[PDB]
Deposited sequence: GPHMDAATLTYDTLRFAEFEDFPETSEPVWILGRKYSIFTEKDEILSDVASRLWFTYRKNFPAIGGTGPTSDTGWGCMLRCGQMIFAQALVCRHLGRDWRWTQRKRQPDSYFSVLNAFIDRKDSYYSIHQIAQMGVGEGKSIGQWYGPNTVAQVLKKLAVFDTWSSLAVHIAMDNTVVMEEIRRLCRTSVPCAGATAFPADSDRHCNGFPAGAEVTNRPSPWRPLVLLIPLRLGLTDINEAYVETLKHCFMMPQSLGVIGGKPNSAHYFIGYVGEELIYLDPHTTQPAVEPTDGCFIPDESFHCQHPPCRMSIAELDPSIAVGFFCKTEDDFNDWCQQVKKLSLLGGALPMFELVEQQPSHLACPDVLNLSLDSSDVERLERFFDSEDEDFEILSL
């Protein structure tokens, strides 16, 4: 039950001192003159790993998700980043020896391993059953995304709108129908947009690489979740031909007013890097648009990227994930 803690014995390497820009969730950095800021941004992200000794799920279920909940943990991380942007702002940073806002602890609390937290492993796992997934079963990006949408309905504090765009299409009228609370003279529910995709049979077609990089360069970028079963990762950026990510494969003891010892929820080891060409095909890309202007800006950026494609943007109108098979893929398949 501790052969799944792969992060414990992984190879860690410091960031290469090169001229290649370092992108972390819509923010561009230079490793030469902004190394501290880069490390601060990565460490600031809410990190969620396997946990142990938390209340049994459903009273008789697991007390640890080691070996099965890594995609659930990545789902928690990408959704937490959205809540951080929604309640704290993209410019917020976590620092030891500093008093964090009360909202920070409220966000963190929503991911604590107890059934009364909105996005706890308990609620995610239990909600997954309704999706046809038994507790203890590993999920794919699409499934965890569908679960988060249903869980967010109860979170009236955040009052988020979660849209999962299938068929590789983002219908703008659907987004407005989901987010508009009233006729514009908050009138807009902060939007968490998740787009499940499959960029290849065994690997991602190289033609998608450039599009994928651009997904981390938008002010609304929440990153990407994906990976093979029990090898899920939360990708938060890239540098050169590598993706930067947070890994949940380490089991930590569950953490028991406002204050919460939060050291274990911040990744302080050298940020994990992986070759883009080694990324599993099944992923879910996310974007956060707090206001309608943010959404409009996002659409404008998707227009360019498309013109100068993983998904299409249309104004109006089975849920399918389209796999673009090249001549070779058609043969190997």
**Asked** In sequence order, which deposited residues have no C-alpha?
**Response** 1-7, 193-219, 291-293, 346-349, 359-364, 381-396
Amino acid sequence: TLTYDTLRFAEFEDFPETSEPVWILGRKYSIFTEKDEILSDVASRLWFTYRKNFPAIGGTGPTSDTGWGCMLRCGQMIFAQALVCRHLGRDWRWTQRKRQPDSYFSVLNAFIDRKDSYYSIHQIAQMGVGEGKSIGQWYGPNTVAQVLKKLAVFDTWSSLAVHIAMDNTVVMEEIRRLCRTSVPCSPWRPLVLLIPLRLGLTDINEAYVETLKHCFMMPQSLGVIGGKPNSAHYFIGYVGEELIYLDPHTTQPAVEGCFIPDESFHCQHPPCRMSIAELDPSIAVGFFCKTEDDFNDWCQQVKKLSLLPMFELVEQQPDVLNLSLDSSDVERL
From here on, numbers count along this sequence of modelled residues.
**Message:** Quick check on the record: does 196-204 or 230-238 carry the larger mean Cα temperature factor?
**Reply:** 196-204
**Asked** On average, are the C-alpha B-factors higher in 164-172 or in 71-79?
**Response** 164-172
**Prompt:** Out of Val153, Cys215, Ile135, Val107, which residue has the highest Cα temperature factor in the PDB record?
**Reply:** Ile135
**Item:** Out of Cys299, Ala43, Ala277, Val285, highest CA B-factor residue
**Value:** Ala277
**Third of the chain's Cα B-factor distribution that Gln123 belongs to, per the entry** = middle
**Message:** When the deposited Cα B-factors of this chain's modelled residues are ordered and cut into thirds, is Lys303 in the lowest, the middle or the highest one?
**Reply:** highest
**Fill in**
Entry-reported C-alpha B-factor of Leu178 relative to its chain, by third, is lowest
**Complete:** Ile31: CA B-factor among chain residues, third -> highest
**Request:** Taking the chain's C-alpha temperature factors as the reference, tell me which third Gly257 falls into: lowest, middle or highest.
**Result:** highest
